[PDB]
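Just below is one structure, and these are the notes that go with it.
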Amino acid sequence: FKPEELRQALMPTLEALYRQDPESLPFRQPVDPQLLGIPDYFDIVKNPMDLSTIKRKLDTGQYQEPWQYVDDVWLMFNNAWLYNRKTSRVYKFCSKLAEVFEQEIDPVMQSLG
Ligand SMILES: C[C@H]1Nc2c(cccc2C(=O)NCC(F)(F)CN2CCCc3ccccc32)NC1=O
């Protein structure tokens with residue numbers, strides 16, 4: 001897939017996540033465990049992922065095919081469901097993002113083939 005085609009098709013699905021307030025706020029930047037006072041984060045989360053990293057990968061042509069993008073979004077979600085307790089804002093915000101993403105990504109992936 002050409003990188004410009006992936007950007008054009010997939011960026012709106014990422015924008016849909018960014019638009020969610022308050023739910024996207026913990027996901028907009030890479031987790032900094034010491035700054036956030038969660039120093040065990042990388043012990044539990046082996047492959048961190050966040051919206052800004054995903055955007056950078058689209059912008060710099062790092063995805064060869066669209067399932068790699070879907071996999072990074074899902075990695076971000078699974079990290080949050082793994083690390084955080086079920087009562088936490090991050091956990092519940094993650095669940096909302098996953099609802100939004102599911103709706104956005106469906107027709108786009110059908111269109112890309
Ligand atoms: C992905 C990673 N995020 C954090 C996790 C735990 C603790 C903090 C974060 C985090 O990102 N802090 C930065 C923030 F900007 F989000 C601050 N702030 C904005 C308003 C809404 C809100 C809600 C909950 C926590 C903080 C927060 N667990 C995780 O799995």
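Following the order of the structure tokens, first chain is A, next is B, and so on, with residues numbered from 1 inside each chain and ligands from 1 in the order they appear.
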Excluding segment 37-50 of chain A and any residue of its chain fewer than 6 positions from it, enumerate the residues within 9 Å of it, using only C-alpha atoms, and give them as a VMD selection string. chain A and resid 26 to 31 72 to 73 75 to 77 79 to 80 82 to 83
Enumerate the residues of segment 10-39 of chain A with a DSSP assignment of helix (DSSP H, G or I), computed from the backbone, and present them as a PyMOL selection string. chain A and resi 10-18+25-27+33-36
Export of the given selection (N, CA, C and O atoms) as an mmCIF file, in the first residue's frame:
data_model
loop_
_atom_site.group_PDB
_atom_site.id
_atom_site.type_symbol
_atom_site.label_atom_id
_atom_site.label_comp_id
_atom_site.auth_asym_id
_atom_site.auth_seq_id
_atom_site.Cartn_x
_atom_site.Cartn_y
_atom_site.Cartn_z
ATOM 1 N N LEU A 10 -6.638 6.221 6.696
ATOM 2 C CA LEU A 10 -6.619 5.854 8.119
ATOM 3 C C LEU A 10 -6.592 7.054 9.042
ATOM 4 O O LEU A 10 -7.096 6.946 10.179
ATOM 5 N N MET A 11 -6.023 8.184 8.625
ATOM 6 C CA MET A 11 -5.920 9.316 9.555
ATOM 7 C C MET A 11 -7.272 9.731 10.133
ATOM 8 O O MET A 11 -7.336 10.063 11.302
ATOM 9 N N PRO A 12 -8.363 9.724 9.350
ATOM 10 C CA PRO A 12 -9.648 10.112 9.968
ATOM 11 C C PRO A 12 -10.081 9.216 11.126
ATOM 12 O O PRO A 12 -10.745 9.674 12.070
ATOM 13 N N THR A 13 -9.714 7.937 11.069
ATOM 14 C CA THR A 13 -10.034 7.024 12.158
ATOM 15 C C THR A 13 -9.244 7.361 13.415
ATOM 16 O O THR A 13 -9.747 7.225 14.534
ATOM 17 N N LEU A 14 -7.997 7.819 13.230
ATOM 18 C CA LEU A 14 -7.183 8.264 14.356
ATOM 19 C C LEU A 14 -7.675 9.604 14.923
ATOM 20 O O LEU A 14 -7.741 9.797 16.138
ATOM 21 N N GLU A 15 -8.061 10.501 14.019
ATOM 22 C CA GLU A 15 -8.660 11.775 14.428
ATOM 23 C C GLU A 15 -9.921 11.575 15.269
ATOM 24 O O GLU A 15 -10.144 12.332 16.229
ATOM 25 N N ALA A 16 -10.701 10.573 14.934
ATOM 26 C CA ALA A 16 -11.896 10.274 15.702
ATOM 27 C C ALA A 16 -11.535 9.947 17.148
ATOM 28 O O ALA A 16 -12.274 10.284 18.059
ATOM 29 N N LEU A 17 -10.414 9.246 17.362
ATOM 30 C CA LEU A 17 -9.972 8.958 18.721
ATOM 31 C C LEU A 17 -9.506 10.228 19.437
ATOM 32 O O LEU A 17 -9.901 10.495 20.586
ATOM 33 N N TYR A 18 -8.675 11.019 18.761
ATOM 34 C CA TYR A 18 -8.183 12.266 19.337
ATOM 35 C C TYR A 18 -9.302 13.230 19.742
ATOM 36 O O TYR A 18 -9.161 13.977 20.711
ATOM 37 N N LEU A 25 -7.461 11.714 26.494
ATOM 38 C CA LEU A 25 -6.361 12.469 27.095
ATOM 39 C C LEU A 25 -5.210 11.615 27.597
ATOM 40 O O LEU A 25 -4.046 11.967 27.338
ATOM 41 N N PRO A 26 -5.450 10.480 28.275
ATOM 42 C CA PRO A 26 -4.304 9.618 28.692
ATOM 43 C C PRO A 26 -3.554 8.944 27.581
ATOM 44 O O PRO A 26 -2.511 8.363 27.834
ATOM 45 N N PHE A 27 -4.102 8.986 26.370
ATOM 46 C CA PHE A 27 -3.581 8.245 25.213
ATOM 47 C C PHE A 27 -2.869 9.125 24.198
ATOM 48 O O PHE A 27 -2.320 8.604 23.206
ATOM 49 N N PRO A 33 6.701 6.786 32.691
ATOM 50 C CA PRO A 33 6.315 6.201 33.997
ATOM 51 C C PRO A 33 6.773 6.930 35.242
ATOM 52 O O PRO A 33 6.019 7.029 36.198
ATOM 53 N N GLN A 34 7.993 7.433 35.232
ATOM 54 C CA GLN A 34 8.465 8.195 36.394
ATOM 55 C C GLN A 34 7.696 9.508 36.539
ATOM 56 O O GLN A 34 7.248 9.838 37.654
ATOM 57 N N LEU A 35 7.478 10.239 35.446
ATOM 58 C CA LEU A 35 6.751 11.518 35.538
ATOM 59 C C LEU A 35 5.322 11.316 36.062
ATOM 60 O O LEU A 35 4.834 12.120 36.875
ATOM 61 N N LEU A 36 4.673 10.238 35.635
ATOM 62 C CA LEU A 36 3.305 9.947 36.034
ATOM 63 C C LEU A 36 3.191 9.175 37.361
ATOM 64 O O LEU A 36 2.067 8.899 37.815
#
Between atom CA of residue 70 of chain A and atom 15 (F, counted along the ligand's line) of ligand 1, what distance in Å does the model show, to one decimal? 23.1 Å
Which one of A:59, A:106, A:71, A:99 sits closest to residue 23 of chain A if you count only C-alpha atoms?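 Among the listed residues, A:99 lies closest to residue 23 of chain A.
The coordinates place atom CA of residue 54 of chain A at 19.9 Å from atom 24 (C, counted along the ligand's line) of ligand 1.
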Just to confirm, what's the straight-line distance from atom CA of residue 105 of chain A to atom 13 (C, counted along the ligand's line) of ligand 1 in Å (one decimal)? 25.6 Å
Have a look at A:6, A:90, A:98, A:112 and name the one nearest to ligand 1; count only C-alpha atoms and all ligand atoms. A:90
Write out as a PDB file with N, CA, C and O atoms, in the first residue's frame each polymer residue whose atoms come within 8 Å of residue 81 of chain A, counting only C-alpha atoms; drop sequence neighbours fewer than 5 positions from it.
ATOM      1  N   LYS A  86     -10.168  -1.915  36.784  1.00  0.00           N
ATOM      2  CA  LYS A  86     -11.381  -1.737  36.060  1.00  0.00           C
ATOM      3  C   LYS A  86     -12.178  -0.503  36.471  1.00  0.00           C
ATOM      4  O   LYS A  86     -13.032  -0.060  35.703  1.00  0.00           O
ATOM      5  N   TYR A  91      -9.051   2.942  32.238  1.00  0.00           N
ATOM      6  CA  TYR A  91      -9.704   1.700  31.770  1.00  0.00           C
ATOM      7  C   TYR A  91     -11.027   2.021  31.081  1.00  0.00           C
ATOM      8  O   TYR A  91     -11.318   1.529  29.986  1.00  0.00           O
ATOM      9  N   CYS A  94     -10.481   3.907  27.864  1.00  0.00           N
ATOM     10  CA  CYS A  94     -10.071   2.957  26.837  1.00  0.00           C
ATOM     11  C   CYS A  94     -11.276   2.257  26.208  1.00  0.00           C
ATOM     12  O   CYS A  94     -11.389   2.148  24.979  1.00  0.00           O
TER      13      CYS A  94
END
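Distances from A:68, A:24, A:52, A:103 to ligand 1 were compared using only C-alpha atoms and all ligand atoms, and the smallest one belongs to A:24.
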Which residues are near residue 9 of chain A? Cut-off 9 Å, only C-alpha atoms, ignore same chain within fewer than 4 positions. Put them as a list in words. residues 4, 5, 13, 108, 109, 111 and 112 of chain A
Skip residue 2 of chain A itself and residues of its chain fewer than 3 positions away, then list as a PyMOL selection string all residues within 12 Å of it, counting only C-alpha atoms. chain A and resi 5-9+58+60-66+112
Best match for closeness to residue 19 of chain A among A:53, A:100, A:110, A:84, counting only C-alpha atoms: A:100
